[PDB]
């Protein structure tokens, strides 16, 4: 049976975070705009996911103008608002950068690098990989690595597809250059993938679909900032209390086209401020968590 339902069980390791933090926070900014479904991108259909058009369907072989425009908000305006927020609050980001999206807006990528944020690969295209053949999925991976290396000067050491298929994580681990991937939702702590060997260990840093602004546009989620703030506050409070004895981590997922809207950004800043008002909080990039785990908890 190939699934690990057990994990650490009732005995998770103490992460011993920097500063003996009671909680580690990983803010993640997705950058997908310009890489989504679009006939202009070589796709058979328009995009339908994660936009204000909460009931949208993909349209075959045509452009959906409103949908394109909603995505353009993220790359034109939302991204800059959010970069300014993270700079103002002095909180690092891991950016889940879709390589095609990056290619179409190199100046924002440069700004992200300038501000010291990690550029993590979010795949070549922002599409569903469920049914993609292995050779083609591998080709996309290599191309994503190539593009991100050229744009930033350094290869990505993290990987996150999101809409994975049965081969995705295997291919990541086979490529061999990734310190971690985040294509799981299965824990409150990093862990070494069962496929790890002494020679090739691979760290998993689980991500999130719940403390994630994508829920502002899904059939169940949040309709305002107050609700999102309360949700994040609760997660923080529970984990921070656990961290009196057993610290964990919390990921916070963000999208430029979504929380980049001023109506939603207020709650994000309020949460950052709330977190910052507590001592023993570690605000980390995913790569930093990965390098910490290699040092503190090496694979055995």
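Residue numbers count along the first chain shown, from 1.
> Compare the mean C-alpha B-factor of 80-88 with that of 131-139 as given in the PDB entry, and name the stretch with the higher value.
According to the PDB entry, the answer is 131-139.
> Could you settle it for me: does 149-157 or 226-234 have the higher average Cα B factor in the PDB entry?
That would be 149-157.
> Name the residue from 239, 70, 50, 268 with the greatest C-alpha temperature factor listed in the entry.
The C-alpha B-factor peaks, among 239, 70, 50, 268, at 50.
> From 34, 253, 262, 58, which pick has the Cα B-factor that tops the rest in the entry?
Highest CA B-factor of the listed options: 58.
> Sorting the chain's CA B-factors, does residue 162 end up in the lowest, middle or highest third?
For residue 162, whose C-alpha B-factor we compare with every modelled residue in the chain, the answer is the middle third.
> Report the third (lowest, middle or highest) to which the CA temperature factor of residue 106 belongs, ranking only the modelled residues of the same chain.
For residue 106, the deposited C-alpha B-factor lands in the middle third.
> Quick one: classify residue 212 as lowest, middle or highest third of the chain based on its Cα B-factor.
Residue 212: CA B-factor falls in the middle third of its chain.
> Looking at the entry's B-factor column for C-alpha atoms only, identify whether residue 117 ranks in the lowest, middle or highest third of its chain.
Tercile = middle for this residue's CA B-factor.
> Quick one: classify residue 97 as lowest, middle or highest third of the chain based on its Cα B-factor.
Lowest third.
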